[PDB]
Q: 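Got a structure for you, questions after.
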Amino acid sequence: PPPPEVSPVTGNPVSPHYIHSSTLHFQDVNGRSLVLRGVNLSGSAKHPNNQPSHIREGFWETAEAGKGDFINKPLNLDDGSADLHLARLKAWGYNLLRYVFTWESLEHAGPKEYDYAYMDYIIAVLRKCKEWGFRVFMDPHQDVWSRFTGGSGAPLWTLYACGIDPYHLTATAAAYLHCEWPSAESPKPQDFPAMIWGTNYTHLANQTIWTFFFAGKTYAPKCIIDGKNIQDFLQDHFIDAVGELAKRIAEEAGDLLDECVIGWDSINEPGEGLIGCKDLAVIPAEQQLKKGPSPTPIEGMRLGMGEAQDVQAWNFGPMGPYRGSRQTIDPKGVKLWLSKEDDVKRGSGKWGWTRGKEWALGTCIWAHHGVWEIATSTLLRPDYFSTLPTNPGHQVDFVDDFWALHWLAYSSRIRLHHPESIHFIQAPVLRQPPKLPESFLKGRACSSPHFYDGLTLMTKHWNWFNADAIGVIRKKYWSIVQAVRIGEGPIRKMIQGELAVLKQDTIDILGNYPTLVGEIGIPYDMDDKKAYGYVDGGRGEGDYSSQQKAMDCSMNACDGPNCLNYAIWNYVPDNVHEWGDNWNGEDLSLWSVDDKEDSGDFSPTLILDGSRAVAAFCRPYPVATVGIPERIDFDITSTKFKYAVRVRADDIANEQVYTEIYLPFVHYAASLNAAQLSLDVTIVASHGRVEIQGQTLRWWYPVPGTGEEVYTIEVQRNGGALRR
């Protein structure tokens with residue numbers, strides 16, 4: 001069966017730019033299989049202007065004042081720079097953008113005080129993306145709940161709504177903030193340990209807030225606010241805020257829908273809080289992220305009541321976390337919990353909600369629900385969060401029982417304002433998605449997991465070894481040593497196998513839908529920033545060999561038999577060598593000003609200058625295919641490219657319906673000296689005819705008279721690889 005002429009969601013006829021998301025591959029209206037590849041734009045939208053993660057001055061004051069100046073991130077629309085960035089991304093062959101926005105940027109002023117101006121800024125950015133021919137899906141983005149709890153996402157007033165005093169987070173170790181590390185009194189942000197920001201998910205603030213968000217009605221029934229459980233208060237305000245952006249786009253720029261904005265991602269990498277914790281007295285060996293001081297859930301609660309604790313600290317070794325020394329954390333009586341007087345002054349009383357009388361303030365909310373006894377520090381219900389407190393034999397599943405329920409509410413709101421929206425389903429990190437009902441999917445969905453080469457990300461080193469982290473997580477190996485691989489070949493094949501597992505989750509669970517890797521990337525600040533000239537007397541500056549191999553391994557993993565859609569994390573216009581992406585020590589931008597100095601009518605400087613390891617992320621691939629993509633192989637050193645496609649007898653092929661392949665000047669240009677750029681390639685196709693224009697290869701062929709047959713096309717630069 002070919003793609004239908006009417007939407008499976010509404011039954012209305014579809015525009016000619018409609019992308020079907022009803023089978024294992026995206027399809028255009030003429031039946032061509034589409035591959036969408038691009039970048040996340042942008043991590044820089046995680047924080048307001050002039051307040052990067054490492055700067056404490058102004059951090060609290062602007063948010064307490066209800067401000068949130070995010071205008072002109074990710075792209076500045078006043079200085080002309082916005083078109084140059086989009087031109088670069090398009091010239092690299094990208095046709096997809098995962099657009100990053102935060103709840104904070106929409107509702108920083110207070111509950112239901114929406115920043116309509118930032119909404120209109122986003123619309124203006126989306127309009128330019130459309131002019132440049134991008135497809136876009138929207139990412140409501142967060143990391144460890146909010147900037148105020150170590151990352152990005154929610155507005156500061158959500159902390160007060162949860163009864164948390166933001167100024168006591170550091171003293172109690174309830175969250176590690178980059179700008180208050182190692183202490184608020186004497187910050188040394190440059191010493192912030194690599195990737196420690198992620199452990200905030202397993203410290204007390206995130207552990208509480210996420211339990212509220214997804215399951216407050218089950219585990220914190222006394223937490224009433226505006227006559228609602230905190231769970232509904234938080235979820236309703238988040239869904240309303242995203243819903244107001246969607247409504248704004250639908251009412252003020254409806255032309256963006258479906259032609260440019262094709263769908264919406266669900267809440268980014270949601271935290272699980274304490275839900276499913278089997279034993280509050282221990283950190284499970286299965287928890288894969290441990291680094292720095294790591295209080296157990298009960299140790300963190302005692303800390304949140306101001307009691308000093310001696311906590312295990314963890315180092316990240318070649319085979320994962322291993323124990324270091326124990327470290328004493330002494331809050332010296334400081335408590336995480338808002339006092340009542342502070343709630344009147346800075347919380348409920350200021351932001352304008354009414355807190356219920358059984359919501360005890362200034363003391364641990366989990367003790368208040370009987371989890372532990374403060375006087376004796378006795379854990380009373382170690383398994384409290386593993387079952388339902390009032391029907392305690394039943395064991396809970398975070399993804400099926402709480403995440404999925406939030407997703408029904410979220411997805412319904414999206415469709416209210418965007419009737420043809422593709423649901424990009426992002427299950428919680430490292431979990432399989434739940435089975436979701438067709439009454440909500442309605443044949444218009446796409447699985448959007450994230451995948452990172454975790455060893456490379458955490459160690460900021462391209463290692464000569466690696467390990468199959470997904471297979472370990474999923475108990476496919478009897479010992480972790482049999483998950484280990486050595487050498488480029490075995491490592492690449494193993495990572496490609498990991499991406500195949502995620503592809504398989506989709507068809508096993510959700511159905512015959514596409515898969516898109518919503519985030520994938522590598523760190524560029526490897527080797528103590530040797531590529532930036534920061535060590536060894538400057539030796540190694542500009543040499544991105546290691547970043548290139550790491551990048552190429554992750555990108556190759558989306559090729560092979562996987563042939564995946566994906567969005568690279570990320571593209572950051574204001575990335576710098578000193579502070580990276582300006583967020584928690586991460587440096588994953590493809591491009592940096594510090595690295596400066598269909599047409600070939602632009603300069604090689606656009607696609608090369610400022611780029612890092614461009615040879616690995618700018619790659620040939622089929623944008624649109626008559627038939628089904630079967631296999632992609634690309635080798636940087638030889639430039640050899642081979643594409644195999646399964647073509648059936650009922651596929652549609654003619655002079656206007658053909659396969660289109662992107663061939664980058666980066667790999668295939670005759671010359672890249674800073675006079676029009678032009679491809680100099682040899683092409684071998686098993687069937688049909690081809691012609692090249694600019695960076696585009698067009699491939700016409702007849703379908704088989706019967707059955708199905710694999711056609712192939714091979715490309716390489718005449719005379720081998722360039723030197724860039």
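The figures here come from the full heavy-atom set of this structure, side chains too, leaving out hydrogens, waters and symmetry mates. Here, residue 1 is the first one in the sequence, and each next residue gets the next number.
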Q: Can a side-chain donor-acceptor contact be found between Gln432 and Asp505 if the only test is distance below 3.5 angstrom?
A: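 Side chains of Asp505 and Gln432: pair found under 3.5 Å.
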Q: Please tell me whether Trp314 and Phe316 form a close aromatic pair, meaning their ring centres lie under 6.0 Å apart.
A: no
Q: Scan side-chain atoms only and decide if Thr659 and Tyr701 contain a donor-acceptor pair under the 3.5 Å cut-off.
A: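 Yes - a donor-acceptor pair under 3.5 Å links their side chains.
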Q: Rounded to the nearest 0.5 Å, how far does OG of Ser686 lie from CD1 of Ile713?
A: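 The OG atom of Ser686 is 8.5 Å from CD1 of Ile713, to the nearest 0.5 Å.
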Q: About how many Å separate CG of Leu97 and CG of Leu36, when rounded to the nearest 0.5 Å?
A: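 Answer for the CG-CG pair, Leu36 versus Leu97, is 10.5 Å.
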Q: Might you confirm whether atom NZ of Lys596 has over 12 heavy atoms from other residues, nucleotides or ligands at distances under 6.0 Å?
A: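 For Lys596, atom NZ is crowded (more than 12 foreign heavy atoms under 6.0 Å).
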Q: Using the six-membered ring wherever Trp is involved, compare the ring planes of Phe641 and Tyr643 and label them parallel, tilted or perpendicular (cut-offs 30° and 60°).
A: parallel
Q: If I compare all heavy atoms of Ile628 with all of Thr625, which pair ends up nearest, and what's the gap?
A: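 Taking every non-hydrogen atom into account, N-CG2, 4.4 Å.
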Q: Can a side-chain donor-acceptor contact be found between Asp265 and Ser448 if the only test is distance below 3.5 angstrom?
A: yes
Q: Using a cut-off of 6.0 Å, state whether more than 12 heavy atoms not belonging to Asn673 lie near its atom CG.
A: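 Count not over threshold, so no.
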Q: Indicate whether the side chain of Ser592 and that of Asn575 have a donor and an acceptor atom separated by less than 3.5 Å.
A: yes
Q: One thing to verify: whether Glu541 and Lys530 come together as a salt bridge, which I'm taking to mean a side-chain N less than 4.0 angstrom from a carboxylate O.
A: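 No, this pair does not count.
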Q: Does a side chain donor of either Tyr571 or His85 reach within less than 3.5 Å of an acceptor in the other side chain?
A: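 Yes, side-chain donor-acceptor contact under 3.5 Å.
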Q: Have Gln547 and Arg612 got a donor and an acceptor in their side chains that come within less than 3.5 Å?
A: no
Q: Could you check, using the six-membered ring where one of them is a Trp, whether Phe634 and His667 have ring centers closer than 6.0 angstrom?
A: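 Ring centroids of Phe634 and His667 are less than 6.0 Å from each other.
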Q: Between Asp527 and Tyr532, does any side-chain donor sit less than 3.5 Å from a side-chain acceptor?
A: no
Q: Please determine which of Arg492, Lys642, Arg37 meets the salt bridge (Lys or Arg N to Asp or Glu O under 4.0 Å) test together with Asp559.
A: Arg37
Q: Are the charged groups of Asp191 and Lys188 less than 4.0 angstrom apart, N to O?
A: yes
Q: Under 3.5 Å, is there a donor-acceptor pair between the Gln190 and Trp181 side chains?
A: no
Q: Before accepting this row, confirm whether a basic side-chain N of the pair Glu578/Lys529 lies closer than 4.0 Å to the acidic partner's carboxylate O.
A: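 Not counted as a salt bridge, because no side-chain N and carboxylate O are separated by less than 4.0 Å.
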Q: Indicate, with yes or no, if the rings of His141 and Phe101 have centres closer together than 6.0 Å.
A: no
Q: Hey, is NZ on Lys493 packed in by over 12 heavy atoms from elsewhere, all under 6.0 Å?
A: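 Atom NZ in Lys493 is not crowded, with 12 or fewer foreign heavy atoms closer than 6.0 Å.
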Q: Distance to the ring centre below 6.0 angstrom and angle to the axis at most 45 degrees; does that hold for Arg717 and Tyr668?
A: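 No, cation not above the ring by the 6.0 Å, 45° rule.
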Q: Looking only at the aromatic ring of each residue, does the gap between the centers of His450 and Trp569 stay below 6.0 angstrom?
A: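 Ring-ring flag for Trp569/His450: false, centres at least 6.0 Å apart.
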Q: Between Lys640 and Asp635, does at least one N-O distance fall below 4.0 Å, as a salt bridge requires?
A: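 Here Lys640 does not pair with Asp635 in a salt bridge, since their nearest N and O are not under 4.0 Å apart.
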Q: What distance do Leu499 atom CG and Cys563 atom SG have between them, rounded to the nearest 0.5 Å?
A: 11.5 Å
Q: Do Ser44 and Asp574 have side-chain atoms, one donor and one acceptor, less than 3.5 Å apart?
A: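 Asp574 and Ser44 do not have a side-chain donor-acceptor pair below 3.5 Å.
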Q: How about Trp583 and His47: are their ring centroids closer than 6.0 Å?
A: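 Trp583 vs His47: aromatic centres not under 6.0 Å.
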Q: Is there a donor-acceptor contact under 3.5 Å linking the side chains of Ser152 and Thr102?
A: no
Q: Over 60° means perpendicular and under 30° means parallel, so classify the ring planes of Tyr711 and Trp699, tilted if in between.
A: tilted
Q: When you check the side-chain N and O atoms of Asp79 and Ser81, is any donor under 3.5 Å from an acceptor?
A: yes
Q: Do the two ring centres, one from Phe665 and one from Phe602, sit under 6.0 Å apart?
A: yes
Q: Is it true that the side chains of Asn466 and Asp453 contain a donor and an acceptor less than 3.5 Å apart?
A: yes
Q: Can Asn562 and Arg631 be counted as having a side-chain donor-acceptor contact under 3.5 angstrom?
A: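 Checked: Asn562/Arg631 side chains show no N/O donor-acceptor pair below 3.5 Å.
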Q: Which value, rounded to the nearest 0.5 Å, describes the distance between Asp468 atom CG and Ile495 atom CD1?
A: 9.0 Å
Q: Out of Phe424, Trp264, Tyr99, which one pairs with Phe137 under the ring pair (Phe, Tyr, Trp, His ring centres under 6.0 Å) rule?
A: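 Exactly one pass, corresponding to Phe424.
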Q: Between the side chains of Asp581 and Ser589, is a donor N or O closer than 3.5 angstrom to an acceptor N or O?
A: no
Q: Distance check, rounded to the nearest 0.5 Å: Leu289 atom CG versus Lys291 atom NZ?
A: 9.0 Å
Q: Between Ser33 and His25, do the side chains contain an N or O donor and an N or O acceptor separated by less than 3.5 Å?
A: no
